[PDB]
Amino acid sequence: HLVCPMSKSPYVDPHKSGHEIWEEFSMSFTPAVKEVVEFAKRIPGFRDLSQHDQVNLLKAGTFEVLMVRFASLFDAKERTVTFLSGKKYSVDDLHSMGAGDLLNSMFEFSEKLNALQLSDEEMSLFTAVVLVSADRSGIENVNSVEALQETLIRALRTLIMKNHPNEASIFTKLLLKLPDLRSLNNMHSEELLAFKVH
């Protein structure tokens, strides 16, 4: 199976070669990836980073951006995951096909985030913060990346304070999701690389 909801379905044709499986999978996830590139380009300070650093932040952060953007695919009440085809699958069925601890963690994250009930403008600005908070391992101009992050974070504080004047803790709660996203990224990358088709 292929229990990633970026796929159209978790069922894999055992006659198809691995190259063929991956290529099919790629027609499903590539449009989502390109959408993160387009989004990055609309963060004004992102264009002022070095070309190398833009590419590196996208490299390290795309997953974390997509995890925020697709948190709603995880329905903690119904205990279902919606794949990009529109089809829904139960957690039990997905556990049976090889999902495990990482799926559970994703439900946990998604439930807490989905819960905060962010507006679109709030979610959008948070997502920008997530992107520019990506792992700095490849980065050549660290101070420029931290400056953009600080800029976006102040903007986020100002927006949450306008929209939630008596609940400033929402701001802090969002920042606390950054290490959680990094943990999800870490574990997911292990699953990605350990993926075999036969």
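Numbers for residues come from their place in the sequence shown, where the first is 1.
Undergrad: State which stretch shows the higher mean Cα B factor in the entry: 155 to 163 or 126 to 134.
TA: Comparing 155 to 163 with 126 to 134, the higher mean C-alpha B-factor belongs to 155 to 163.
Undergrad: Check the entry's C-alpha temperature factors for 189 to 197 and 4 to 12, then say which stretch has the higher mean.
TA: The recorded data point to 189 to 197.
Undergrad: Can you tell me which of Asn143, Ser169, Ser50, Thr62 has the highest Cα temperature factor in the record?
TA: By C-alpha B-factor in the record, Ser169 ranks first.
Undergrad: Please say which third, lowest, middle or highest, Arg69 falls into when its CA temperature factor is compared across its chain.
TA: Answer is middle: the recorded C-alpha B-factor places it there.
Undergrad: Per the entry's values, where does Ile21 land by CA temperature factor relative to the rest of its chain, in the lowest, middle or highest third?
TA: Tercile = highest for this residue's CA B-factor.
Undergrad: By its CA B factor, does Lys112 count among the lowest, middle or highest third of the modelled residues in the chain?
TA: For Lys112, the deposited C-alpha B-factor lands in the lowest third.
Undergrad: How does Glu35 rank on Cα B-factor within its chain, lowest, middle or highest third?
TA: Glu35: CA B-factor falls in the middle third of its chain.
Undergrad: Within this chain's modelled residues, let me know which third the CA B factor of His95 belongs to: lowest, middle or highest.
TA: Its C-alpha B-factor belongs to the middle third of this chain's values.
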